[PDB]
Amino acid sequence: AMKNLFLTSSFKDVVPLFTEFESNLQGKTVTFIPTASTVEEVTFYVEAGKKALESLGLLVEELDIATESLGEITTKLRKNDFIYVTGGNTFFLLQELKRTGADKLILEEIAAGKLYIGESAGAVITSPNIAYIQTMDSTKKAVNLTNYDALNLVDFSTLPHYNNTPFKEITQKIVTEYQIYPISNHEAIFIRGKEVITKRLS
């Protein structure tokens, strides 16, 4: 029904675009999902994003889909105002969302009007299918995921870090090979229903 999404390559690089997107943040709560990052070896974006949210007066509540009961997943997703998904390995993220059936719970919340913030991997899973991201994120880390169909919230396939080192050749080759929607580190996509707008911080 409703669809409020903020998609980014790097949340810490576009904080002002987020505050342009959404007002009266003080005291609002965020379900913060770092699952994609838990199989990654370099993860500065996780704390950078969390501290950025906190600097806006948001109350951040962690939810690791990989380890928490469905009871806790259901409760947190329902309770908190926003959903935020950190970057990391997109395949592991989608794998854990499907395994728990939480992909469904996220879609329901979004349909009810809940704001979804997706960073890199968290943006990629809004696409119909994440196969296109396999040259950036290794499938070796998702040993159970048998189908790359994702949330299918938008018809387009967000490609983060576009023409941004160290993903220059990677992102270039993806465009060539594959409705790819490229965004750089300082771009965000504002989505309010059918209204889709790219903004750049510069």
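Start at 1 and count along the sequence shown; that's the residue number.
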Gap size, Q179 back to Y178 (deposited sequence, no coordinates) = 4 to 9
inquiry  = Per the record, averaged over C-alpha atoms, which has the higher B-factor: 139-147 or 44-52?
reply    = 139-147
ask   = According to the deposited model, is the average Cα temperature factor higher in 32-40 or in 60-68?
value = 60-68
task = Could you say which of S127, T90, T75, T100 has its CA atom at the highest B factor, as listed in the PDB entry?
result = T75
message = Test of reading the entry: by CA B factor among the chain's modelled residues, which third contains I110?
response = middle
task = Relative to the other modelled residues of the same chain, rank the CA B-factor of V196 and answer lowest, middle or highest third.
result = middle
task = Looking at the entry's B-factor column for C-alpha atoms only, identify whether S10 ranks in the lowest, middle or highest third of its chain.
result = middle
